[PDB]
């Protein structure tokens, strides 16, 4: 009994793992995930950057980061409005970095941005043009999370 049931439960666990992997794939597919492409998702809620980071962290994803013009357009299409990107110059003013680490490679700044306007701006939002504007991390913008290709 004991050994047999233990061996059976190991097979039961492996079967359930396979089914959940399937459930995940089907949900990503219905969410619009394209083969070999990372996918972006939003609930259309607007909130402060700190809240977006916490939310995408819970979902085991990260705040959306466009690494090139294609991804940038992909994020623009998902958000539909101004949305925070996983980019900030919180650590050293003027030096934008990915929240996942590293200096910015690709960028699509609007003319004369980033300017750390007025009281200060350390976060970044992709606007209704695909272009970027640095903005207050405390302002509320659309939460867009990113998951691996």
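Here the rigid core means the biggest group of C-alpha atoms that line up within 1.5 Å when the two forms are laid on top of each other. Positions refer to the first chain, counted from 1.
Farther from the shown form on average, by C-alpha root mean square after a core fit in 4 other deposited structures of this protein, is 37-45, of the stretches 65-73 and 37-45.
For the pair 86-94 and 102-110, the record assigns the higher mean C-alpha temperature factor to 102-110.
Per the PDB record, of the two stretches 124-132 and 15-23, 124-132 carries the greater mean B-factor over its C-alpha atoms. Comparing the C-alpha B-factors of 28, 69, 64, 52 in the entry, the top value falls on 69. When the modelled residues of the chain are ordered by their C-alpha B factor, residue 35 lands in the highest third. Ranked by C-alpha B-factor against the other modelled residues of its chain, residue 143 falls in the lowest third.
The PDB entry assigns residue 116 a C-alpha temperature factor belonging to the lowest third of its chain's modelled residues.
Per-chain ranking of the deposited C-alpha B factor places residue 57 in the middle third.
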